[PDB]
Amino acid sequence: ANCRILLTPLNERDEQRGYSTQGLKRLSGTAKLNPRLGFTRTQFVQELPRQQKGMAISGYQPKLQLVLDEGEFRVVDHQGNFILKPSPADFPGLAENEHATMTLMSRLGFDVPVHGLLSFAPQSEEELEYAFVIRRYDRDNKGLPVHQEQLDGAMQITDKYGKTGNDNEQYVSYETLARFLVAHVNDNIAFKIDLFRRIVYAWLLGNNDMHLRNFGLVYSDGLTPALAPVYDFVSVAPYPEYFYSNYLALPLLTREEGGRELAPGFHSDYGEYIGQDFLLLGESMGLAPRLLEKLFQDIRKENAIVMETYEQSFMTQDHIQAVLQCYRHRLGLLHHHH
């Protein structure tokens, strides 16, 4: 019924295939793409022993390098054009979650690299397993490398969460990161509105792991970099243990660095981030109050795209309801502001 790349309804003929022609073309460039991998999971993905409970779900996730030889996906040792991300052995259905969240981001208007769900060749007569596939953004029109760098190295931060002190406190916030970006990329209100929305949407959707390595700079213009596309956007709401560890990967406001102050929302009857905290983030980026008010109204109107995308997805029903429950709650908190 729904496309394994686009999540849009499949017409009469494409129903049995599971993929739409529009989707296959979006992901590969040709409608002749074969989204049924010619290899099995264990053929290329080794079973590494579990490390420690302390690391984020991304630490348990395998990553394969893929190249498109004709209309067939081929695993490469290095320098591929796509990356295959199978679900970790302990987190089943995580690839379906990253696919739903990344599809939602594209439908919301963000710059998201082309992606979809591909199935591995089965070992016997077991149910097909899907992995999330995404095109590498550090490639241009042809497979020529485009230079890029992660924000932790650019800002000269030694930890991706800003835990750079003598304690467990965080020393880099989204407010500081935005201030750094504004000074290195071209300023303009389009860049600022987008980056502000990325931070609000990581919070609304339950992506509490959008750290410094989840921001990049692409060197397309040559001298002046641009912000890299949205990548690794997953909702942690289906995993209660990981979801309650933090509201966001980094503190929202600069006043919160080193735990010196709480955000005004933490001092309210809500005791968590509210719309007022995001207005303060917007204000620090130079966005005008009348513009921030309109941006909040735009996010409220996008409720239908959020609900529909997750409900159309290949995520489990329990997982979808955990995400939409996080979303509805946090969306309601956006009204709590002056």
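Note that residue numbering begins at 1 and tracks the sequence as displayed.
Quiz item: Do the CA atoms of 53-61 or those of 272-280 have the higher mean B-factor in the entry?
Solution: The recorded data point to 53-61.
Quiz item: For the C-alpha atoms alone, is the average B factor greater in 9-17 or in 323-331, going by the entry?
Solution: In the deposited entry, the stretch with the higher C-alpha B-factor mean is 9-17.
Exercise. Report the option among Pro113, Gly116, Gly165, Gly109 whose CA atom has the maximum B-factor in the deposited record.
Key: Max CA B-factor in the entry, restricted to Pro113, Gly116, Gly165, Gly109: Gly165.
Self-check item: Top Cα B factor in the deposited entry, candidates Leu195, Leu205, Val146, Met102
Solution: Among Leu195, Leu205, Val146, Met102, the PDB entry lists the largest C-alpha B-factor for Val146.
Quiz prompt | For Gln297, the third of its chain into which the C-alpha B factor falls | solution = For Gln297, whose C-alpha B-factor we compare with every modelled residue in the chain, the answer is the lowest third.
Quiz prompt | For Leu181, the third of its chain into which the C-alpha B factor falls | solution = Tercile = middle for this residue's CA B-factor.
Quiz prompt | CA B-factor ranking of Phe73, expressed as a third of its chain | solution = Highest third, going by the recorded CA B-factors of the chain.
Quiz item: What third of its chain's C-alpha B-factors does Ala190 belong to: lowest, middle or highest?
Solution: Tercile = lowest for this residue's CA B-factor.
Quiz prompt | Chain thirds of CA B-factor: placement of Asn97 | solution = As the PDB entry reports it, the C-alpha B-factor of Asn97 lands in the lowest third of its chain.
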